[PDB]
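Numbering-wise, the sequence shown is residues 1 to 93 according to the authors' numbering.
No residue lacks a Cβ here, since even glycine has one placed at the ideal position from N, Cα and C.
Below: one structure, written as structure tokens.
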Amino acid sequence: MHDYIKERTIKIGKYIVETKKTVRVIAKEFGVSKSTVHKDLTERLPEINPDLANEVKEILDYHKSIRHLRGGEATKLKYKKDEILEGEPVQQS
């Protein structure tokens, strides 16, 4: 049964809009990983509340806009992360 846990995401979906921050800010507050939050924020959240699911989706569209600038941090992260083989996907400019 997931009738109770369904509310666990409610707080998040409502918090993301209250602070207008990213899932990374809401995950650290709850004590979980973004991969775990976004998982429900895009599954249960929308499943039980499609409208509220848009809130978290809105900030996402904005996170990709400035993402080009955030990449600066991901550049070095490659050194801290696992190997980095040459096999990136197909993209354009």
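Take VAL56 and list the residues in its own chain whose beta-carbon comes closer than 6 Å to its own, dropping the five residues that flank it on each side. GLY13, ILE16 and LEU41
Across the stretch 49-64 and the stretch 19-36, are there enough close Cβ pairs to call them in contact, namely three or more that are closer than 8 Å? yes
Could you give the DSSP three-state label for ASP51: helix, strand or coil? helix
With 16 as the cutoff for other CB atoms within 10 Å, does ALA74 come out buried or exposed? exposed
Confirm, please, whether the CB-CB distance from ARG44 to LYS6 is below 7 Å. yes
If we ignore side chains and look at the alpha-carbon of each, how far apart do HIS2 and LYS39 end up? 14 Å
Under the three-state reduction of DSSP, which class applies to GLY31: helix, strand or coil? coil
Of all the options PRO50, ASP51, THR9 and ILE66, which has the alpha carbon lying nearest to the alpha carbon of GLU29? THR9
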